[PDB]
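start20.cif (mmCIF, C-alpha atoms and all ligand atoms) appears below.
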```
data_target
#
loop_
_atom_site.label_atom_id
_atom_site.label_comp_id
_atom_site.auth_asym_id
_atom_site.auth_seq_id
_atom_site.Cartn_x
_atom_site.Cartn_y
_atom_site.Cartn_z
CA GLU B 682 0.00 0.00 0.00
CA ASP B 683 0.95 3.65 -0.54
CA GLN B 684 1.04 6.07 2.42
CA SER B 685 2.43 9.20 0.76
CA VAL B 686 3.41 12.07 3.07
CA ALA B 687 4.87 15.31 1.74
CA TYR B 688 7.05 17.23 4.23
CA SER B 689 7.09 19.51 7.28
CA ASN B 690 9.55 22.06 8.64
CA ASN B 691 8.11 22.65 12.08
CA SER B 692 6.37 19.41 13.13
CA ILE B 693 7.69 16.38 15.02
CA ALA B 694 5.98 13.11 15.95
CA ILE B 695 6.58 11.65 19.42
CA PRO B 696 5.42 8.11 20.32
CA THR B 697 3.48 7.96 23.59
CA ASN B 698 3.37 4.23 24.32
CA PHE B 699 5.05 1.02 23.29
CA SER B 700 4.62 -2.74 22.91
CA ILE B 701 6.88 -5.63 23.88
CA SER B 702 7.08 -8.05 20.96
CA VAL B 703 8.38 -11.63 21.01
CA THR B 704 9.52 -12.90 17.62
CA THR B 705 10.86 -16.27 16.50
CA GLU B 706 14.08 -16.69 14.51
CA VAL B 707 14.67 -20.16 13.10
CA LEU B 708 18.20 -21.31 12.27
CA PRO B 709 19.62 -24.70 11.22
CA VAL B 710 22.85 -25.81 12.90
CA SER B 711 23.84 -29.35 11.92
CA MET B 712 23.01 -32.07 9.39
CA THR B 713 23.01 -35.85 9.48
CA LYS B 714 26.31 -37.75 9.63
CA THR B 715 26.49 -40.37 6.87
CA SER B 716 29.18 -42.94 6.08
CA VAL B 717 29.58 -45.23 3.07
CA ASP B 718 31.33 -48.56 2.56
CA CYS B 719 32.73 -48.09 -0.93
CA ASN B 720 33.37 -51.77 -1.61
CA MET B 721 29.97 -52.99 -0.38
CA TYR B 722 28.08 -50.36 -2.37
CA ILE B 723 30.05 -50.76 -5.60
CA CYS B 724 30.44 -54.54 -5.62
CA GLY B 725 28.30 -56.13 -2.90
CA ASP B 726 29.38 -59.72 -2.23
CA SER B 727 31.47 -60.48 -5.33
CA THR B 728 35.21 -61.10 -5.07
CA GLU B 729 35.85 -60.53 -8.79
CA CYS B 730 34.34 -57.04 -8.65
CA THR C 293 44.43 -47.63 6.72
CA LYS C 294 47.51 -48.71 4.77
CA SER C 295 50.15 -48.14 7.43
CA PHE C 296 52.14 -49.98 10.09
CA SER C 297 51.61 -47.14 12.60
CA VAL C 298 48.18 -45.90 13.70
CA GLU C 299 47.42 -42.72 15.63
CA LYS C 300 44.99 -42.52 18.54
CA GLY C 301 41.30 -42.45 17.71
CA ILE C 302 38.24 -44.33 16.50
CA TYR C 303 38.03 -45.66 12.94
CA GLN C 304 35.57 -47.45 10.66
CA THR C 305 36.70 -50.78 9.23
CA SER C 306 35.82 -53.21 6.44
CA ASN C 307 34.82 -56.86 6.83
CA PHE C 308 38.12 -58.76 6.41
CA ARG C 309 36.94 -61.39 8.91
CA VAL C 310 34.40 -63.93 7.58
CA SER C 311 34.36 -65.85 4.29
CA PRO C 312 32.07 -68.63 3.03
CA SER C 313 33.11 -72.29 3.03
CA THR C 314 30.20 -74.52 1.95
CA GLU C 315 27.86 -74.56 -1.06
CA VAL C 316 24.15 -75.03 -1.85
CA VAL C 317 23.31 -76.15 -5.39
CA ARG C 318 19.62 -77.11 -5.23
CA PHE C 319 18.12 -77.57 -8.75
CA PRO C 320 14.72 -79.10 -9.82
CA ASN C 321 14.08 -82.88 -9.90
CA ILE C 322 14.01 -83.62 -13.67
CA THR C 323 16.23 -86.31 -15.26
CA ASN C 324 14.74 -87.19 -18.66
CA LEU C 325 17.25 -86.52 -21.43
CA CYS C 326 16.37 -83.92 -24.05
CA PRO C 327 15.60 -85.33 -27.53
CA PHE C 328 18.81 -84.63 -29.44
CA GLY C 329 17.55 -87.05 -32.07
CA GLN C 330 15.13 -85.95 -34.79
CA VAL C 331 16.95 -82.60 -34.51
CA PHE C 332 20.60 -83.62 -34.95
CA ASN C 333 20.11 -87.27 -35.89
CA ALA C 334 17.20 -86.84 -38.30
CA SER C 335 16.41 -88.23 -41.73
CA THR C 336 15.19 -85.17 -43.66
CA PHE C 337 15.52 -81.40 -43.21
CA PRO C 338 13.18 -78.88 -44.87
CA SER C 339 13.99 -76.22 -47.44
CA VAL C 340 15.21 -72.82 -46.31
CA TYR C 341 12.16 -70.98 -47.67
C1 LIG L 801 0.17 2.61 26.95
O1 LIG L 801 -0.45 2.89 28.20
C2 LIG L 801 -1.84 2.61 28.27
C3 LIG L 801 -2.31 2.97 29.66
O2 LIG L 801 -2.09 4.37 29.87
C4 LIG L 801 -2.08 1.14 27.97
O3 LIG L 801 -3.48 0.84 28.02
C5 LIG L 801 -3.61 -0.17 29.04
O4 LIG L 801 -3.42 -1.50 28.56
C6 LIG L 801 -3.38 -2.46 29.61
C7 LIG L 801 -3.19 -3.85 29.03
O5 LIG L 801 -1.89 -3.95 28.43
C8 LIG L 801 -4.66 -2.40 30.43
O6 LIG L 801 -4.57 -3.33 31.51
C9 LIG L 801 -4.89 -1.01 30.98
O7 LIG L 801 -6.14 -1.00 31.67
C10 LIG L 801 -4.90 -0.01 29.83
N1 LIG L 801 -4.98 1.36 30.27
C11 LIG L 801 -5.51 1.74 31.43
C12 LIG L 801 -4.54 2.25 32.45
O8 LIG L 801 -6.71 1.67 31.65
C13 LIG L 801 -1.50 0.77 26.62
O9 LIG L 801 -1.69 -0.64 26.42
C14 LIG L 801 -0.03 1.14 26.61
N2 LIG L 801 0.63 0.93 25.33
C15 LIG L 801 0.36 -0.04 24.47
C16 LIG L 801 0.09 0.42 23.07
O10 LIG L 801 0.33 -1.21 24.79
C1 LIG L 802 10.39 26.49 6.39
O1 LIG L 802 10.87 27.31 7.45
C2 LIG L 802 11.08 28.65 7.01
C3 LIG L 802 11.58 29.46 8.20
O2 LIG L 802 11.81 30.82 7.80
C4 LIG L 802 9.80 29.23 6.44
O3 LIG L 802 10.05 30.54 5.93
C5 LIG L 802 9.28 28.38 5.30
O4 LIG L 802 8.03 28.90 4.84
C6 LIG L 802 9.08 26.96 5.80
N1 LIG L 802 8.66 26.10 4.71
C7 LIG L 802 7.89 25.04 4.92
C8 LIG L 802 8.32 23.77 4.25
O5 LIG L 802 6.90 25.10 5.63
#
```

Take the structure from the file and write it as structure tokens.
Amino acid sequence: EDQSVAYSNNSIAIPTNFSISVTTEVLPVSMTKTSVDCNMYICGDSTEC
Amino acid sequence: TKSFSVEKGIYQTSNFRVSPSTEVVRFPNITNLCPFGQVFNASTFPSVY
């Protein structure tokens, strides 16, 4: 939305009361630890491979 | 880890420990010989067309 305001050279806005706001910030930290057996994946149970 | 000296820690290893010995060869119970006659030892063969 547009809330156009022009200017002033002798006016000042003062806030008269406040609100305490609780916000949530969500941040990943770690990922799963995975290991691979190269021989078992590539060849399985074959000696020739 | 291809070395004769290993530093302190925990490591993941391969199998290197168990190998098969015996064998299982179960096949169906048929025994009748296939008719190699009339195919190899036949009297007349047809024309190629
Ligand atoms: C700014 O102050 C006024 C009081 O002067 C607040 O209005 C009060 O709000 C509380 C709840 O948070 C009520 O229990 C009070 O009864 C209200 N006023 C009175 C004294 O009757 C106002 O909430 C404050 N600022 C903001 C925007 O939260
Ligand atoms: C700004 O302030 C001066 C002070 O002399 C005044 O003359 C002028 O008219 C004002 N202009 C505005 C933006 O009101």

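With the cut-off set to 12 Å and only C-alpha atoms and all ligand atoms counted, the residues surrounding ligand LIG 801 (chain L) are residues 696, 697, 698, 699, 700, 701 and 702 of chain B.
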
From C:332, C:306, C:301, C:317, residue lying nearest residue 717 of chain B [all atoms listed in the file]: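 Closest to residue 717 of chain B, using all atoms listed in the file: C:306.
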
Surrounding residues as a ChimeraX atom specification, ligand LIG 802 (chain L), max 9 Å, all atoms listed in the file: /B:688-691

Padding 8 Å on every side, please: axis-aligned box over the listed atoms of segment 307-317 of chain C, centre and edge lengths to one decimal in Å, as JSON.
```
{"center_x": 30.7, "center_y": -66.5, "center_z": 1.8, "size_x": 30.8, "size_y": 35.3, "size_z": 30.3}
```

When the cut-off is 12 Å and we count all atoms listed in the file, which residues of chain C are near chain B, given as a compact mmCIF listing (two decimals) with C-alpha atoms, keeping the file's coordinate frame?
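The resulting file, out.txt, is reproduced below:
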```
# COMPACT_ATOMS: atom_id res chain seq x y z
CA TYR C 303 38.03 -45.66 12.94
CA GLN C 304 35.57 -47.45 10.66
CA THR C 305 36.70 -50.78 9.23
CA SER C 306 35.82 -53.21 6.44
CA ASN C 307 34.82 -56.86 6.83
CA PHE C 308 38.12 -58.76 6.41
CA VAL C 310 34.40 -63.93 7.58
CA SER C 311 34.36 -65.85 4.29
CA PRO C 312 32.07 -68.63 3.03
```

Two-atom distance - atom CA of residue 309 of chain C, atom CA of residue 293 of chain C (Å):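 Interatomic distance here is 15.8 Å.
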
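The two atoms in question, atom CA of residue 727 of chain B and atom CA of residue 314 of chain C, are spaced 15.9 Å apart.
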
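Between atom CA of residue 723 of chain B and atom CA of residue 294 of chain C the separation is 20.4 Å.
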
Using the structure just given, write a file holding N, CA and C atoms for segment 685-730 of chain B, as a JSON list (two decimals), in the first residue's frame.
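Final output, saved to decode_9.json:
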```
[["chain", "number", "residue", "atom", "x", "y", "z"],
["B", 685, "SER", "N", 1.66, 8.01, 1.10],
["B", 685, "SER", "CA", 2.43, 9.20, 0.76],
["B", 685, "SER", "C", 2.25, 10.31, 1.79],
["B", 686, "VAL", "N", 3.37, 10.91, 2.19],
["B", 686, "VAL", "CA", 3.41, 12.07, 3.07],
["B", 686, "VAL", "C", 4.42, 13.05, 2.49],
["B", 687, "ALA", "N", 4.08, 14.34, 2.50],
["B", 687, "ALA", "CA", 4.87, 15.31, 1.74],
["B", 687, "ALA", "C", 6.12, 15.78, 2.50],
["B", 688, "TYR", "N", 5.93, 16.57, 3.56],
["B", 688, "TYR", "CA", 7.05, 17.23, 4.23],
["B", 688, "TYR", "C", 6.50, 18.08, 5.38],
["B", 689, "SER", "N", 7.42, 18.56, 6.22],
["B", 689, "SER", "CA", 7.09, 19.51, 7.28],
["B", 689, "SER", "C", 8.38, 20.18, 7.75],
["B", 690, "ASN", "N", 8.30, 21.42, 8.20],
["B", 690, "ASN", "CA", 9.55, 22.06, 8.64],
["B", 690, "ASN", "C", 9.28, 22.73, 9.98],
["B", 691, "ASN", "N", 8.28, 22.24, 10.69],
["B", 691, "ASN", "CA", 8.11, 22.65, 12.08],
["B", 691, "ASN", "C", 7.23, 21.68, 12.87],
["B", 692, "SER", "N", 7.17, 20.42, 12.46],
["B", 692, "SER", "CA", 6.37, 19.41, 13.13],
["B", 692, "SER", "C", 7.22, 18.19, 13.44],
["B", 693, "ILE", "N", 6.94, 17.56, 14.58],
["B", 693, "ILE", "CA", 7.69, 16.38, 15.02],
["B", 693, "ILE", "C", 6.73, 15.43, 15.71],
["B", 694, "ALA", "N", 6.84, 14.14, 15.38],
["B", 694, "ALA", "CA", 5.98, 13.11, 15.95],
["B", 694, "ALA", "C", 6.70, 12.39, 17.08],
["B", 695, "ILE", "N", 6.05, 12.31, 18.23],
["B", 695, "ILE", "CA", 6.58, 11.65, 19.42],
["B", 695, "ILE", "C", 5.69, 10.45, 19.74],
["B", 696, "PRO", "N", 6.25, 9.26, 19.93],
["B", 696, "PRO", "CA", 5.42, 8.11, 20.32],
["B", 696, "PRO", "C", 5.16, 8.11, 21.82],
["B", 697, "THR", "N", 3.92, 7.81, 22.21],
["B", 697, "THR", "CA", 3.48, 7.96, 23.59],
["B", 697, "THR", "C", 3.32, 6.65, 24.34],
["B", 698, "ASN", "N", 3.22, 5.54, 23.62],
["B", 698, "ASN", "CA", 3.37, 4.23, 24.32],
["B", 698, "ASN", "C", 3.82, 3.13, 23.36],
["B", 699, "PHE", "N", 4.23, 2.02, 23.95],
["B", 699, "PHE", "CA", 5.05, 1.02, 23.29],
["B", 699, "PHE", "C", 4.46, -0.37, 23.53],
["B", 700, "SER", "N", 5.00, -1.34, 22.80],
["B", 700, "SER", "CA", 4.62, -2.74, 22.91],
["B", 700, "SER", "C", 5.86, -3.61, 22.95],
["B", 701, "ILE", "N", 5.82, -4.63, 23.79],
["B", 701, "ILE", "CA", 6.88, -5.63, 23.88],
["B", 701, "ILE", "C", 6.52, -6.79, 22.97],
["B", 702, "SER", "N", 7.36, -7.05, 21.98],
["B", 702, "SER", "CA", 7.08, -8.05, 20.96],
["B", 702, "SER", "C", 8.07, -9.20, 21.08],
["B", 703, "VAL", "N", 7.56, -10.43, 21.01],
["B", 703, "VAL", "CA", 8.38, -11.63, 21.01],
["B", 703, "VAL", "C", 8.29, -12.25, 19.63],
["B", 704, "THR", "N", 9.43, -12.35, 18.96],
["B", 704, "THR", "CA", 9.52, -12.90, 17.62],
["B", 704, "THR", "C", 10.36, -14.17, 17.64],
["B", 705, "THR", "N", 10.18, -14.99, 16.62],
["B", 705, "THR", "CA", 10.86, -16.27, 16.50],
["B", 705, "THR", "C", 11.81, -16.23, 15.32],
["B", 706, "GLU", "N", 13.07, -16.57, 15.56],
["B", 706, "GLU", "CA", 14.08, -16.69, 14.51],
["B", 706, "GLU", "C", 14.52, -18.14, 14.45],
["B", 707, "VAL", "N", 14.50, -18.72, 13.26],
["B", 707, "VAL", "CA", 14.67, -20.16, 13.10],
["B", 707, "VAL", "C", 15.96, -20.39, 12.32],
["B", 708, "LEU", "N", 16.90, -21.15, 12.91],
["B", 708, "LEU", "CA", 18.20, -21.31, 12.27],
["B", 708, "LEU", "C", 18.71, -22.75, 12.34],
["B", 709, "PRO", "N", 18.98, -23.38, 11.20],
["B", 709, "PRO", "CA", 19.62, -24.70, 11.22],
["B", 709, "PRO", "C", 21.05, -24.62, 11.71],
["B", 710, "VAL", "N", 21.52, -25.72, 12.30],
["B", 710, "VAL", "CA", 22.85, -25.81, 12.90],
["B", 710, "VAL", "C", 23.66, -26.96, 12.32],
["B", 711, "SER", "N", 23.11, -28.17, 12.33],
["B", 711, "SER", "CA", 23.84, -29.35, 11.92],
["B", 711, "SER", "C", 22.99, -30.20, 10.98],
["B", 712, "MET", "N", 23.66, -31.12, 10.29],
["B", 712, "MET", "CA", 23.01, -32.07, 9.39],
["B", 712, "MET", "C", 23.45, -33.48, 9.74],
["B", 713, "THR", "N", 22.79, -34.46, 9.14],
["B", 713, "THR", "CA", 23.01, -35.85, 9.48],
["B", 713, "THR", "C", 24.40, -36.32, 9.07],
["B", 714, "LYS", "N", 25.00, -37.17, 9.91],
["B", 714, "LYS", "CA", 26.31, -37.75, 9.63],
["B", 714, "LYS", "C", 26.12, -39.09, 8.92],
["B", 715, "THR", "N", 26.66, -39.19, 7.71],
["B", 715, "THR", "CA", 26.49, -40.37, 6.87],
["B", 715, "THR", "C", 27.85, -40.92, 6.48],
["B", 716, "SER", "N", 27.97, -42.25, 6.50],
["B", 716, "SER", "CA", 29.18, -42.94, 6.08],
["B", 716, "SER", "C", 28.82, -44.00, 5.05],
["B", 717, "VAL", "N", 29.78, -44.30, 4.17],
["B", 717, "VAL", "CA", 29.58, -45.23, 3.07],
["B", 717, "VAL", "C", 30.71, -46.24, 3.06],
["B", 718, "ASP", "N", 30.36, -47.51, 2.84],
["B", 718, "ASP", "CA", 31.33, -48.56, 2.56],
["B", 718, "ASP", "C", 31.46, -48.67, 1.05],
["B", 719, "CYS", "N", 32.57, -48.18, 0.51],
["B", 719, "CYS", "CA", 32.73, -48.09, -0.93],
["B", 719, "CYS", "C", 32.65, -49.46, -1.58],
["B", 720, "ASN", "N", 33.33, -50.45, -1.00],
["B", 720, "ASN", "CA", 33.37, -51.77, -1.61],
["B", 720, "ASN", "C", 32.00, -52.44, -1.59],
["B", 721, "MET", "N", 31.27, -52.34, -0.47],
["B", 721, "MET", "CA", 29.97, -52.99, -0.38],
["B", 721, "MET", "C", 28.96, -52.35, -1.32],
["B", 722, "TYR", "N", 29.01, -51.03, -1.46],
["B", 722, "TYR", "CA", 28.08, -50.36, -2.37],
["B", 722, "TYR", "C", 28.41, -50.67, -3.82],
["B", 723, "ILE", "N", 29.69, -50.58, -4.20],
["B", 723, "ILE", "CA", 30.05, -50.76, -5.60],
["B", 723, "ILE", "C", 29.88, -52.21, -6.03],
["B", 724, "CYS", "N", 30.32, -53.16, -5.19],
["B", 724, "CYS", "CA", 30.44, -54.54, -5.62],
["B", 724, "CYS", "C", 29.57, -55.53, -4.85],
["B", 725, "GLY", "N", 29.14, -55.21, -3.64],
["B", 725, "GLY", "CA", 28.30, -56.13, -2.90],
["B", 725, "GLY", "C", 29.04, -57.29, -2.28],
["B", 726, "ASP", "N", 28.80, -58.50, -2.79],
["B", 726, "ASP", "CA", 29.38, -59.72, -2.23],
["B", 726, "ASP", "C", 30.17, -60.51, -3.26],
["B", 727, "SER", "N", 30.71, -59.83, -4.27],
["B", 727, "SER", "CA", 31.47, -60.48, -5.33],
["B", 727, "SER", "C", 32.95, -60.20, -5.15],
["B", 728, "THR", "N", 33.76, -61.26, -5.19],
["B", 728, "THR", "CA", 35.21, -61.10, -5.07],
["B", 728, "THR", "C", 35.83, -60.57, -6.36],
["B", 729, "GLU", "N", 35.30, -60.99, -7.51],
["B", 729, "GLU", "CA", 35.85, -60.53, -8.79],
["B", 729, "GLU", "C", 35.70, -59.02, -8.94],
["B", 730, "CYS", "N", 34.54, -58.48, -8.56],
["B", 730, "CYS", "CA", 34.34, -57.04, -8.65],
["B", 730, "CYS", "C", 35.29, -56.29, -7.74]]
```
